[PDB]
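[1] structure for this input, please:
(6 chains, ligands or ions: 15)
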Amino acid sequence: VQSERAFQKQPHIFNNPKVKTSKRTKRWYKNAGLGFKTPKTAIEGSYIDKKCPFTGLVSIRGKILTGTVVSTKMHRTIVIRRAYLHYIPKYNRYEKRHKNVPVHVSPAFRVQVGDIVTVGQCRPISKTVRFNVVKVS
Amino acid sequence: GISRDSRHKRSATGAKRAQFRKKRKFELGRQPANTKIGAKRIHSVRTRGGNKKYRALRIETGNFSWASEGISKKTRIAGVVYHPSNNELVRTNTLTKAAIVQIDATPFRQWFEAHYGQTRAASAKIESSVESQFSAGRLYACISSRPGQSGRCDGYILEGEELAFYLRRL
Amino acid sequence: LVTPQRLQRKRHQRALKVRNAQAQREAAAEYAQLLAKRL
Amino acid sequence: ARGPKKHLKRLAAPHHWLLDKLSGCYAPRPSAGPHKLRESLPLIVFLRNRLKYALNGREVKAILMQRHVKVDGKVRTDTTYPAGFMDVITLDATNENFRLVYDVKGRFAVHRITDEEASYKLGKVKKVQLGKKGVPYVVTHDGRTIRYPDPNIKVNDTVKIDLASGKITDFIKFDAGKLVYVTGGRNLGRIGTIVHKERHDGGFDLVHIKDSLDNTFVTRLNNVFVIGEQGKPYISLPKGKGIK
Amino acid sequence: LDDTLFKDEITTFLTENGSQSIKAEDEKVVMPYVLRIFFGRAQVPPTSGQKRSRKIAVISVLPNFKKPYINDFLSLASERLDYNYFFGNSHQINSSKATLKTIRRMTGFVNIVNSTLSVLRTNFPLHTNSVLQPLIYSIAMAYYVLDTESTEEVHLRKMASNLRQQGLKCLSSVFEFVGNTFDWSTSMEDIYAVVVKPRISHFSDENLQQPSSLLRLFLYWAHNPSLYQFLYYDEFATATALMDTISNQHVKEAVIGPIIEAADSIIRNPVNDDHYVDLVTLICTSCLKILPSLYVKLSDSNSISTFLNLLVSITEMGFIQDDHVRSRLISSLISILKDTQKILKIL
RNA sequence: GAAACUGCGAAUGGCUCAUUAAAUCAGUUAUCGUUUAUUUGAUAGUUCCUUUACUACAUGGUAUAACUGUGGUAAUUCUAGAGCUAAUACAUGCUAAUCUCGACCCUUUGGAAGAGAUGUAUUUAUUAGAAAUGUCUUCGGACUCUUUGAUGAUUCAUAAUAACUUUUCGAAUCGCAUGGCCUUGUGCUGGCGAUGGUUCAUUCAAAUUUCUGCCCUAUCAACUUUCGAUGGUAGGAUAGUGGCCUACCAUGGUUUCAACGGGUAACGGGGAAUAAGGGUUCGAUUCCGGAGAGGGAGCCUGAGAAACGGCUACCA
Ligand SMILES: [Mg+2]
Ligand SMILES: [Mg+2]
Ligand SMILES: [Mg+2]
Ligand SMILES: [Mg+2]
Ligand SMILES: [Mg+2]
Ligand SMILES: [Mg+2]
Ligand SMILES: [Mg+2]
Ligand SMILES: [Mg+2]
Ligand SMILES: [Mg+2]
Ligand SMILES: [Mg+2]
Ligand SMILES: [Mg+2]
Ligand SMILES: [Mg+2]
Ligand SMILES: [Mg+2]
Ligand SMILES: [Mg+2]
Ligand SMILES: [Mg+2]
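    Numbers count the residues shown, from 1 in each chain, chains lettered A, B, ... in the order given. Ligands and ions are numbered 1, 2, ... in the order given. Dropping the coordinates below:
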């Protein structure tokens, strides 16, 4: 977890060594709302992610989308593919189209290429990432 | 000359973007303030709106908090020891947030004897490492403020896992 | 120059501050009484 | 633009003011105030194009500078002051008291009221929060911040405000069967009783309203204004009683 | 002297072991100047946040100083207060000195001592002439003004009242920090006469609600064996007054708990003198009579336990040998039934 | 009431369509991601705290314009030296309170011996923010307990503890008028307004931002990444999110569902013409939104500008 120059910690969560009441490091978490069950892996996990929707300083608000994971080769985020049909009126016919959306995935989720993920909008995480995985299936 | 605009950057696809418009004031940036240890020099900066930002060009004293004891004292900042982002800042003793720095231990020590009457005992017990630094006379602290914005260098004394990790890195 | 009008203005300002404080205290007491009624 | 705008084209002005398109090139831009720009009636339009007491802008200015016009019990001298919904306009010289309520057509109507009714107004509770020093307060649709409110008051309820003191005399909860006035959308101006409140988390809530004539319609919660219990409104209603 | 650079210089110039700190040889010449400088800053009226911080900074540098210099700083505070005449005579206040100016002066002195005690705590250097001697005089003035002054001068009566409140608090502070280290045999008689004695009559009537500084003073004497001579003065008036608080109908649970804890300490700390035997009999017999009513008033389980800790104490030293002690102990116990192992052992 | 200082405005209005091909723009979202002059509504008694050796019946030039007078230049909405004088300019700085309990009397319209408590603003750390089914009573009532709010959702609203600050604010301002108490003092008190001021909310707004939608071209098939391209973390900067930039890391991101590159006599839309319907073409042009002020670049002021009927350089 401390695989870096800088120490990873949940901000403003203080662990008083003197009291030493419990072995486990105190961990702060929240529920994201809209009936999205926070997985237990987040509650009893040890990872630290400022962009996680359940333990980080990020809120899910706005559109909620669903897609299929197309790429998962990059650190803590994936690329999903949303497919749809665009309507051409002149020919009165449909046309298959698609768009790639990069989405941040918290380590609390284990996502493979091919599974269906429901993602919620959040504040701009990176240059292209504006969504956060909130449910996997 | 400094701008934060995203239009000059390439698109996600790899396409580049033609100049949509001239640079705007509401998307500006200002020169970094490499705060360094020394006699206090701070000058104000008029920012967007009527607000003001304080720029710390030099500073030598700052308020540091002992969280375990729940106290805060004003102490002299001696020198920068380790900075995670970049090490030439450590070389130049540049002060910024998250920089690990060394502070003199006299005020905390004096408060320790005053409160607990010891250079009761169970409460007076502290970490072995923290006592070792007291014996040294110098304490490792992490700066929690942003000197380039607020003009302060507040921080907190390292403890427990923080202190152990940074000692391993040192 | 020191003139009676300046003294009158100063006295009025002080009286206004006192009256505002008194009115705020009365409002706070009324709200506390209402909560006591509800509980 | 490099700053806030200060002009308004007549074609760009709100439709419901009913401004002649050929009279001129510009329309009165409402100044900042209790009500939003698009949901407000500036005093110049009300005094000139509705009551016809003034024939031109200069006459309206002369009327206002005489301090003959009171808005919610306070004298206003701004020609473009944004009077709005449930606003009380008093003209003592004419012995006239008006309440701004939209008609079935969807326009502000010249509705005369008695002094007793003019002594108060109704405000939709837009927000309830604790201020500094832990003092609770409510913010209404007209920008009034009222401290020490009743705890039972919540968002979307309606508070009866006494103009003289600016305090809460009574309140009406948002609940099924309550009498409701529509202040937005195509159903603007209609009156009906609540039937059901559809709640969608993270989205706009929808309210079903049923008129006296048995017709039903669905409107967003933001356009809803509770005005009393069915058959017993707390304010005199305009002609037609918000039907059709 | 410069206000903008005042606080930074205190850390750099005055901090112990500092690189820019005054050399040990030069301390004697420079420090007297430094004390006068800081004394001037300590007189700033704390009306704003910045001004409060400046006052805190001035008092916070004292631990850096060596104790003789710290004692010098306190002497400067007490120099203006004229106290030699009061203890020079048989502890009588001059009418001329009784003025709002003097009351304002002692108020400033007491506040500085309170701040110094908070920062130094156990390391606070206590001396008769520098600190304690003026301290007792100030509380004497507060009593003298309060009784003698007429109701018309409401402001003067208020200023005297605050001085007594701060003065008593300033006392109870110094007892708790340096009471044991300092030997009070010399000043014990004056302190009782000038502070404790005048208020002894009503002490029960005054402190029913919450513990007061004067009550905290008596408790501190009850706990420490060396200071029992205070409790011996004037036929155990101070001790007798403690139980009159207990004997009162309207004593609350906040005041009740500490006193029985203090009574237990007196009961559990033997002292070799005739007065101690008389005291414990007065402590014990007085406590036993009122205890059943006391139990009803308690609302805390811990407050229940401390009575049992007192009851079990009385059995250990054999006071239960007396029939009256045994009977009243039994009457108190049946109320408790009307910890369990402690009760059983007592039975 | 000329002139001048101060305050505000001059960032609106008007004109044009050069650049711009997921850009602008249309519809639709978000700010739990941030600034907001102004309008509107609320909002600030901190009593005390030693040199009281004391201005608040009110402090300075730490100061100048207009003005007087002596001058330079061919010339400009150019200005130098000397002498003056004001503030809602500039810089300083103060003046016997309220609230908890309340013994004791007294039993209420009660008195109060006494024990206690005391603004804001910035920075950091920490903390809070979740079988009383009885008894009596006058039949009423009393006896013990409760004790934050909101969102779908938060480290939210709010409060508390310890310190911190070249650190702010907490009225040294103005018009009209002369009422009320008396111990008769140029004593005490007092009306209606104007202008300012901290914080919150509202309003006019601004900046980013979610999803979908653009003409021709495949005889443009691979593109982006050395000089940031994709993401991680930490810092800097920003009003703020963010590779926006910096340091170290991984090797990523788009594409035959047409990426990338090329053309466009390409500002987009509401709309206009034609057509029986499908369609095809036009839209600089009365409204909305974007950009520009000969071409690039950078800036002071201010809430708001990369301003051009504002400023500085370079090119012509
Ligand atoms: Mg919402
Ligand atoms: Mg192109
Ligand atoms: Mg787009
Ligand atoms: Mg204005
Ligand atoms: Mg001159
Ligand atoms: Mg960052
Ligand atoms: Mg780099
Ligand atoms: Mg073109
Ligand atoms: Mg066009
Ligand atoms: Mg236009
Ligand atoms: Mg422009
Ligand atoms: Mg030209
Ligand atoms: Mg320009
Ligand atoms: Mg021009
Ligand atoms: Mg222009």
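
[2] strands along chain B, start to end?
    B:35-36, B:41-46, B:52-58, B:61-66, B:71-82, B:94-95, B:100-104, B:138-143, B:155-157 (DSSP state E).

[3] residue of chain D closest to chain B, please.
    Residue nearest to chain B within chain D: residue D:2 (9.4 Å; C-beta to the nearest C-beta). C-beta here means a position set from N, CA and C on the backbone, and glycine is covered the same way.

[4] mind checking what secondary structure that residue has?
    coil (DSSP: H, G, I helix; E, B strand; the rest coil).

[5] swap in residue A:100?
    strand.

[6] that one and residue A:125, how far apart?
    16 Å (C-beta to C-beta, to the nearest Å).

[7] which one of these two is surrounded by more residues?
    The neighbour comparison of residue A:100 against residue A:125 (other C-beta atoms under 10 Å in any protein chain shown) goes to residue A:125, with 19 against 14.

[8] flag every residue of the stretch 201-347 of chain E that's near RNA strand F.
    E:202, E:205-214, E:248-250, E:299 (C-beta under 7 Å from any atom of the strand).

[9] which one of those is nearest chain C?
    Of those, the one sitting nearest to chain C (C-beta to the nearest C-beta) turns out to be residue E:299, at 20.5 Å.

[10] may I see the strands of chain B organised as TSV, with distance to residue D:230 added?
    Shown next, in TSV, are the strands of chain B (distance: least, C-beta to C-beta, whole Å):
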stretch	distance to residue D:230
strand B:35-36	68
strand B:41-46	59
strand B:52-58	57
strand B:61-66	61
strand B:71-82	61
strand B:94-95	68
strand B:100-104	69
strand B:138-143	64
strand B:155-157	61
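
[11] before we move on, which element is residue 27 in?
    The chain I'm using is chain A. Under the criterion of DSSP states H and E, residue A:27 resides outside all helices and strands.

[12] was after chain C, sorry
    helix C:4-38.

[13] and that helix, how far out from the chain middle?
    Here helix C:4-38 is found 2 Å from its chain centre; the criterion is C-alpha atoms, centre = their mean, to the nearest Å.

[14] report the buried residues of stretch E:10-29.
    Residues E:10-12, E:14-15, E:27 are the ones in stretch E:10-29 that count as buried (16 or more other C-beta atoms under 10 Å in any protein chain shown).

[15] near chain C, which of those show up?
    By C-beta under 8 Å from any C-beta of the partner chain, no member of the buried residues of stretch E:10-29 lies near chain C.

[16] return the subset of these lying in helices.
    Among the buried residues of stretch E:10-29, DSSP state H puts E:10-12, E:14, E:27 in helices.

[17] adding distance to residue A:112, write these out as CSV.
    Compiled in CSV, these are given as follows (distance: C-beta to C-beta, whole Å):
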residue, distance to residue A:112
E:10, 63
E:11, 59
E:12, 61
E:14, 65
E:27, 74
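
[18] and those residues, which two are furthest apart?
    Greatest spatial distance in these: E:11 and E:27, 18.1 Å, computed using C-beta to C-beta.

[19] from chain D, how far out is the nearest residue to residue A:106 once chain neighbours are set aside?
    Among residues not flanking residue A:106 along the chain, residue A:52 sits closest, at 3.9 Å (C-beta to C-beta, 6 or more residues apart in numbering or on different chains). Per C-beta to the nearest C-beta, to the nearest Å, residue A:52 is found 20 Å from chain D.

[20] and the closest residue to chain E within chain D, how many neighbours?
    Using C-beta to the nearest C-beta, residue D:132 is the residue of chain D that sits closest to chain E, at 16.6 Å. By the criterion of other C-beta under 10 Å, residue D:132 has 6 neighbours.

[21] next: residue D:51.
    Neighbours of residue D:51 (other C-beta under 10 Å): 15.

[22] by proximity to chain B, which residue of chain C wins?
    For chain C, C-beta to the nearest C-beta, closest residue to chain B: residue C:13, 26.2 Å.

[23] quick one: that residue from residue B:128, how far?
    62 Å.

[24] can you check residue E:279 too?
    Counting by C-beta to C-beta, the gap from residue E:279 to residue B:128 is 47 Å.

[25] neighbour-wise, which of these two wins?
    Shown here are residue E:279 and residue B:128; by other C-beta under 10 Å, residue E:279 has more neighbours (21 against 7).

[26] that one: which element?
    Residue-wise, residue E:279 maps onto helix E:274-297 under DSSP H and E.

[27] same for that helix, what does it pack against?
    helix E:228-247, helix E:253-268, helix E:301-316, helix E:323-337 (3 or more C-beta pairs under 8 Å, 6 or more residues apart in numbering or on different chains; DSSP states H and E).

[28] what sits against residue 32?
    In the absence of a named chain, this looks at chain A. Contact analysis of residue A:32 by C-beta atoms under 8 Å, 6 or more residues apart in numbering or on different chains lists A:38, A:53-54, A:59-60, A:120, A:134.

[29] looking at chain D here, not the other one
    residue D:82.

[30] does it count as helix, strand or coil?
    Using three-state DSSP, the structure places residue D:32 in coil.

[31] thanks again, I'm all set now.
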